[PDB]
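Chains as they are written, first to last, in PDB author numbering: chain S, 350 to 392; chain B, 25 to 98, 111 to 470; chain F, 270 to 417; chain L, 173 to 283; chain X, 67 to 262; chain H, 1 to 35; chain G, 458 to 483, 492 to 718; chain Z, 2 to 86. Positions of the beta carbon are idealized from the N, C-alpha and C atoms, including for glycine. Okay, so here's the structure we're looking at.
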Amino acid sequence: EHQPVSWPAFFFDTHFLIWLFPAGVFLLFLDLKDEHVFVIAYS
Amino acid sequence: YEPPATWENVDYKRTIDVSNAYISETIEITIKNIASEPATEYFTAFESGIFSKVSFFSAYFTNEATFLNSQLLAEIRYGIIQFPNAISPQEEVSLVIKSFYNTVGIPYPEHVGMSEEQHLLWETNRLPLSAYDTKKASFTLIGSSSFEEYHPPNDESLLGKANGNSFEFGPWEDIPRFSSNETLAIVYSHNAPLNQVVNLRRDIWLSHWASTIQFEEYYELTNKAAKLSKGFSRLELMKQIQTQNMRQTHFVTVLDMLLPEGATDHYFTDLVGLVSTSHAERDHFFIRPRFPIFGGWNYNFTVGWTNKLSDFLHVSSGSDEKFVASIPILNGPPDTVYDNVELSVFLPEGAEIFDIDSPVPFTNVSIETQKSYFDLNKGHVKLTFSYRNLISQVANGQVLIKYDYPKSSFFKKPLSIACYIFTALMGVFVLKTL
Amino acid sequence: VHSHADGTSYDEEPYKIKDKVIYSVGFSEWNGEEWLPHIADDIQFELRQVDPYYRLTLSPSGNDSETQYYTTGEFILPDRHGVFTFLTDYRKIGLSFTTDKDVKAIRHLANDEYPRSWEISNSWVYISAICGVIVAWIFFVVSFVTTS
Amino acid sequence: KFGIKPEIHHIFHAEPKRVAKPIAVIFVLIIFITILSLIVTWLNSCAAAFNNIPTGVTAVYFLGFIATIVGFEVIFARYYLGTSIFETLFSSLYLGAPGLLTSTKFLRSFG
Amino acid sequence: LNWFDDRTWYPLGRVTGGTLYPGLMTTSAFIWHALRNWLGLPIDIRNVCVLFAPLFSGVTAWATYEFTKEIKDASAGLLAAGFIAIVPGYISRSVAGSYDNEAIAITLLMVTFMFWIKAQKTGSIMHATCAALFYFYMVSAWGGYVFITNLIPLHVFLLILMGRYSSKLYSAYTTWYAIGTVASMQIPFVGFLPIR
Amino acid sequence: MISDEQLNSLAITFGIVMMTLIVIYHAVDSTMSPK
Amino acid sequence: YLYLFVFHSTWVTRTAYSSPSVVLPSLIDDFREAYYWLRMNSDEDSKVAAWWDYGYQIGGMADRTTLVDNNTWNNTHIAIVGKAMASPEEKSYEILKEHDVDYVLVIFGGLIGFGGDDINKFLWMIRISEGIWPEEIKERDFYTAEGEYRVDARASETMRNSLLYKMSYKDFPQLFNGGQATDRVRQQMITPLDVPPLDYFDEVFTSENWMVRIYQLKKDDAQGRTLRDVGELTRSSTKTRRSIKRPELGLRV
Amino acid sequence: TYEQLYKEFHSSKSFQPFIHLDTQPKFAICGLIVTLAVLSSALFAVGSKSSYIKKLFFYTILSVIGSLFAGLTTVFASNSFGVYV
Ligand SMILES: *[C@@H]1O[C@H](CO)[C@@H](O[C@@H]2O[C@H](CO)[C@@H](O[C@@H]3O[C@H](CO[C@H]4O[C@H](CO)[C@@H](O)[C@H](O)[C@@H]4O)[C@@H](O)[C@H](O[C@H]4O[C@H](CO)[C@@H](O)[C@H](O)[C@@H]4O[C@H]4O[C@H](CO)[C@@H](O)[C@H](O)[C@@H]4O[C@H]4O[C@H](CO)[C@@H](O)[C@H](O)[C@@H]4O)[C@@H]3O)[C@H](O)[C@H]2NC(C)=O)[C@H](O)[C@H]1NC(C)=O
Ligand SMILES: *[C@@H]1O[C@H](CO)[C@@H](O[C@@H]2O[C@H](CO)[C@@H](O)[C@H](O)[C@H]2NC(C)=O)[C@H](O)[C@H]1NC(C)=O
Ligand SMILES: *[C@@H]1O[C@H](CO)[C@@H](O)[C@H](O)[C@H]1NC(C)=O
Ligand SMILES: *[C@@H]1O[C@H](CO)[C@@H](O)[C@H](O)[C@H]1NC(C)=O
Ligand SMILES: [Mg+2]
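Spelled out as structure tokens, the structure:
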């Protein structure tokens, strides 16, 4: 469990959120507020 | 202490059957009364060692099927027999006594391979040990293929006569009373697994709402057969079962529980989880332990099932709120021996016992309360008996409980939950309006 | 038998590091007809985890009709927790061999058995600060709601 | 070692050393005088005194509020003297419930 | 809390009082005691330990709902809950049998963050003391509190240099730190690390 | 006891019901709320 | 897309993650059988020595004292067990006796093809135990001349005499009637003349599928002989005769 | 006396259950529906702005009913799930 992992194991356990995830990050970057910075840094 | 000599044994023939993992003694005696005032008593003599472990003692006339009031007393020890009608001063009457001990012979070699046959050694008394003068006496052993003695006596008269299926002894024309100076020791072949339940506790949960009675039993099982030398070896075991050699081997592979007539929801559980090698056919529950129980190995497990309640309760005639329950006392493997039995019956939340009767004398009876699912006050009424020595298929009885369960407490079970829900709601109200 | 220095056994209160225990064992000799005390001065007790931590020499402190009792002086248990074996093996050639060991767990000190914060003298200036801050805070809260 | 083996004893570690009492007493006296100085500054020097005081029912709510504030610190001080945590929790729950109501009533009434 | 385990690492023993995070077990024991004394359902501790993870896999859905209710409207929080209820990346470590620390360690991860947002967005002190208390509970329940301890300061710092400092960051962050650090020092396994 | 296929169907139905009620709520809120 | 999301996150959980870790569904359970044997038939104060990634189970299911377990905090106490399971039996019997070890259990999936047995994570034992005892153990000897890791007839004379090899292949050749046993995880033939006899340990349990095997230390000899001499006396009884030979030994102290 | 109790046992009638265990799931679901169709009105009443006395009255009057119904559904459901009474 202490290793890196390829790209299939990201679509495996996140069906279609994996390509809405960059979209969500960009749409938070569009209108920055206080909490959006926290969410972006966390992401 | 010696009882007043009052009777004379004019015939005394005893037979011991060693075929089913517990000594079952059967003595047939014709008895004559000494000329005196008519007495109604009889004292059978058990040695202090054997008397410590005896689980059944009956005595009946040959002519009449009905039994007598056979009872144990409370260093030779005695058991009391009492007749319905006083015997004449000079009369001759036959009688038959049956006792069931709880001691089996120890394995003689004690180290045998898992394919060899084992021999057992048992130590008894040759000459009859009675409290009265005996005239004629005969001794017979049955139930095994081959018998042999061990340090035989030089005297020819005290020597067993072999028979095809039995091992008899020559009749002695005159024997004095209290004669126990010859300790016979005999070895015999026996291939049974020699089970022993060190501790059984079985719970019986009555329930009137669902109308089901469910049994749960917790066995602690020990094999008493001869241990195996060179230690375990799976190769030998799995190579011998592929040949036709699983005839009467002395290790336990499959047990056969005998449940009541219609059982459902069988389960077989172990301390470390669920065992999947169980199989419930009609009126039979086959169980395969995790590992075969060789000599000296312990296996502790649990087995449970469910039955309809209409077969065990009966509402009374005079009133519709007095119930009589008849719980079976034992139903397990075919021929085991129990060294402790703890029988717990859990009557419903508001029951109240009126009568308790048992067909086998118990050691201790007590009444407590124990809380279970949705028991919000005083739980269930637990009634526990403690028996000490019991045999599997000859200690067959039914404990009869007689209690009452009024409808004023039958419907209190939903109300006792309605009370909590109403209190929670009236608390949320105050917490939200303040 | 081994037990606390004051009398209480191990089953009442278990052992902890830097405790005071005591050990005692009794020997007897068979001269062919009846037992007698066995006067020997070479016996040694070993308290050992994996290699000896204590190796004391027993002294004769007890006498019986047919038994000689040897005991160790009150000794402080080692400074590290673990699972220690108390052992006494009398093995000298020309004479019978006797061993009797027992394995006991010696636990660490619980939070309730450390010295309190006021028994120490180095930390009397750190409790005065807390008490003063608490008193000042109480008075401040009282004077805050009672001032224009 | 057929015959006999040498004796062995365990050499313990030296315990950490406390400090002399007079220094601690001096440093306690300093903190005490500092606290007294703060109190004196509040009372007289800074002219920050009890201008208005609540009366009647508002004064009873004031007494309740002070009782809560002081009772929590009494609970904590008693817990610092080897009182069980569960007992402290129960004594705090049996005081917060009336105390919260009284304190909120005071803080809404007085303002 | 003072358990000395002499049935592991046999010659050395193990001090299980200061090598263990006692937050999962205390919660399981509290749930067992509540289910056995205040509801009338005596349930074997094995069943509580087994079914702990599925039960606590709905509180994390609620926490994600209440945390997305801050970043956007409530209508956009229910979707997040619907996502985190059934997603294999979180199901993998919270299956019906798993009884690890992460079973309880993600729920709190969300709850603390929720309060932090609620504290940083409004500026109140009572919403930072709740974040400090749930950060102490996460410190007790899991060794991954270092993530929060290194992520909240990053948020505050990124708001400092971006030029968005206000009088709300001061109160929120200083209260959170001053309470959370001294509260997390109370775990015997953590010890004095938060300053060393 | 409930089988495995029955449990699979139950889980799928719960997920479908949840994902439909969420969309119903969102489509009601998007119109009925003042934008 | 939301519906495909549900139909995916249900299938993945059904297929991959919902797999019991104590019962192989291929329904075989040889771990619980051996652990229950240890729990029932061994005295409560006995110590069991196994590799460090089963200790928790042994503590939870078998309820016996272990020497190492999963939360590895002392890395030398694990090197001790690594050196025990990779040295000749005459040194393992001395390393395992000063720690008061009664039983030793190994995993062996050569009959069902388990893959995660102890004979293929042997190399990790060798590495861990070699870091702090370079002279005692050397990884170079376990590999053969050409540099391969074999358990076949052409295996190195250092692995053939190790403890784990002698302990996990005790009766495996004789299991098959022909006398030519085929390992499944390694896919290598095994002859009954390969495995040497075990003189200091004696087998006390092994599961139905030979997966978990529990051995016990023999009690030291009463007359003071080395147990290897007892073994050579019991296996070579009639032919091992010498007429007269003055023994060469140090002067009696 | 064992003989007379054993005589009374067989003579008497058998046990007729109140509500058969085969038709209890029906009552379970038909009571689970009602016990929430009513207890929502309680929360609506307490939430609604009105006189305190009227709120109390129209809360308790239809809270007692929900209490009884829930306390009678939680027995049928418990029996139907396999954990009797
Ligand atoms: C993790 O697990 C591992 C493995 O399980 C643990 O590792 C073990 O730890 C043990 C304790 O730390 C350790 O035991 C010590 O080993 C020392 C090794 O020394 C080596 O060199 C010497 C020569 O210098 C050799 O003789 C020796 O054999 C080694 O090769 C020993 O030296 C230690 O011996 C001392 O303690 C034992 C036990 O009490 C005594 O029997 C022995 O006589 C020594 O005692 C002296 O020192 C102690 C110190 O407390 C004194 O109390 C005592 O009175 C003696 O004092 C005399 O000597 C000192 C020093 O000269 C002098 O100041 C004083 O005045 C007296 O003259 C001891 O044997 C294990 O070896 C070690 N095992 C391995 C494999 O590494 C590890 O601890 C675990 N981790 C944790 C955190 O627990
Ligand atoms: C399993 O059953 C055996 C048989 O009764 C139990 O063994 C007894 O254990 C107690 C305490 O350990 C001893 O005092 C008895 O002498 C043991 N009996 C026999 C016949 O040896 C055992 O405790 C049970 N439970 C477990 C977990 O093994
Ligand atoms: C009988 O059982 C009761 C109930 O626990 C107990 O108090 C009593 O001591 C027992 N008596 C005997 C002789 O076992
Ligand atoms: C010690 O005991 C022996 C045997 O009982 C006795 O002869 C002797 O006098 C005793 N000595 C002392 C000092 O008590
Ligand atoms: Mg982990």
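- Contacts between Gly267 of chain B and chain G, judged by CB atoms closer than 7 angstroms, involve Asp667, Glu668 and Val669 in chain order.
- With respect to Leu264 of chain B, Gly149 of chain B sits close: the two C-beta atoms are nearer than 8 angstroms.
- If you check each beta-carbon in the region 327-342 of chain F against every beta-carbon of chain X, none falls closer than 7 angstroms.
- Minimum Cα-Cα distance from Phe398 of chain B among the listed residues B:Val464, B:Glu385, B:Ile123 and B:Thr420 corresponds to B:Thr420.
- Rounded to the nearest angstrom, the Cβ distance from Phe251 of chain B to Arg238 of chain B is 7 angstroms, consistent with a contact under 8 angstroms.
- Annotation for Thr134 of chain X: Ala142, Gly143 and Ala146 place their beta carbon closer than 7 angstroms to its own, counting only its chain and skipping 5 residues before and after.
- Here the region 50-70 of chain B does not lie against the region 179-196 of chain B, with fewer than 3 beta-carbon pairs under 8 angstroms apart.
- Within chain B, no C-beta atom comes nearer than 8 angstroms to that of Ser52 of chain Z; the closest sits roughly 13 angstroms away.
- Listed along the chain, the chain Z residues whose CB falls inside 8 angstroms of the CB of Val339 of chain B amount to none; the nearest CB is some 17 angstroms away.
- Its chain contains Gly32, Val35 and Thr36 as the residues whose beta carbon lies nearer than 6 angstroms to that of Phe70 of chain Z, once the 5 sequence neighbours on both sides are disregarded; these appear in chain order.
- Using a Cβ-Cβ distance cut-off of 8 angstroms, the region 88-97 of chain X and the region 3-10 of chain H are not in contact, since fewer than three pairs of beta carbons, one from each stretch, lie closer than that value.
- In the assembly as shown, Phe202 of chain X is a buried residue. Its beta-carbon has 16 or more other beta-carbons within 10 Å.
- Here the alpha carbon of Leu561 of chain G sits roughly 20 angstroms from the alpha carbon of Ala527 of chain G.
- By the C-beta criterion, the region 408-415 of chain B is judged not to be in contact with the region 352-370 of chain B, since fewer than 3 inter-stretch pairs fall below 8 angstroms.
- For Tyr568 of chain G, the beta-bridge partners assigned by DSSP are G:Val513 and G:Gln681.
- According to the DSSP assignment, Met293 of chain B belongs to the beta strand (DSSP E) that extends over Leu291 to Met293.
- A distance criterion of 7 angstroms places the beta-carbon of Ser402 of chain B in contact range of ligand 3, judged by its closest non-hydrogen atom.
- Chain F has no Cβ within less than 8 angstroms of the Cβ of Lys277 of chain L.
- In terms of side-chain proximity, the C-beta atom of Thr241 of chain X is found no nearer than 7 angstroms to any non-hydrogen atom of ligand 2.
- An exposed status is given to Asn540 of chain G, since fewer than 16 other beta-carbon atoms sit within 10 Å of its beta-carbon.
- The beta-carbon of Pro108 of chain X is placed less than 8 angstroms from the nearest beta-carbon of chain B.
- No residue range can be given for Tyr458 of chain G, since it is assigned to no beta strand (DSSP E) and is classified by DSSP as neither H nor E.
- When secondary structure is reduced to three states using DSSP, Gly67 of chain Z falls in the helix class.
- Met18 of chain H belongs to the set of residues whose beta carbon lies under 8 angstroms from a beta carbon in chain X.
- Chain-ordered, the chain F residues with CB closer than 7 angstroms to the CB of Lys193 of chain L read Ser390.
- Comparing alpha-carbon positions, the option among G:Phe587, G:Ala473 and G:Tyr614 lying closest to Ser633 of chain G turns out to be G:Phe587.
- Contact with chain G is found for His364 of chain S, since one of that chain's Cβ atoms lies less than 8 angstroms from the residue's Cβ.
- Within 10 angstroms of the beta-carbon of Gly715 of chain G lie fewer than 16 other beta-carbons, which makes it exposed.
- The C-beta separation of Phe353 of chain F from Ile375 of chain F comes to about 5 angstroms, placing the pair in contact by the 8 angstroms criterion.
- Around the Cβ of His226 of chain B, a 10 Å sphere holds 16 or more other Cβ atoms; the residue is buried.
- Counting the other CB atoms within 10 Å of its CB gives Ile365 of chain B a total of 16 or more, which places it among the buried residues.
- With respect to the 8 angstroms criterion, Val311 of chain B and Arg326 of chain B are classified as neighbours on the basis of their beta carbons.
- Contact note: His350 of chain F reaches chain X through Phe70, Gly79 and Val81, using a C-beta cutoff of 8 angstroms and chain order.
- Not a single CB atom of chain G sits nearer than 8 angstroms to the CB of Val116 of chain X.
- Near ligand 4, meaning a beta-carbon closer than 5 angstroms to one of its heavy atoms, we find F:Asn332 and F:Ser334.
- With a cutoff of 8 angstroms on beta-carbon distance, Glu253 of chain B and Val234 of chain B are scored as not near each other.
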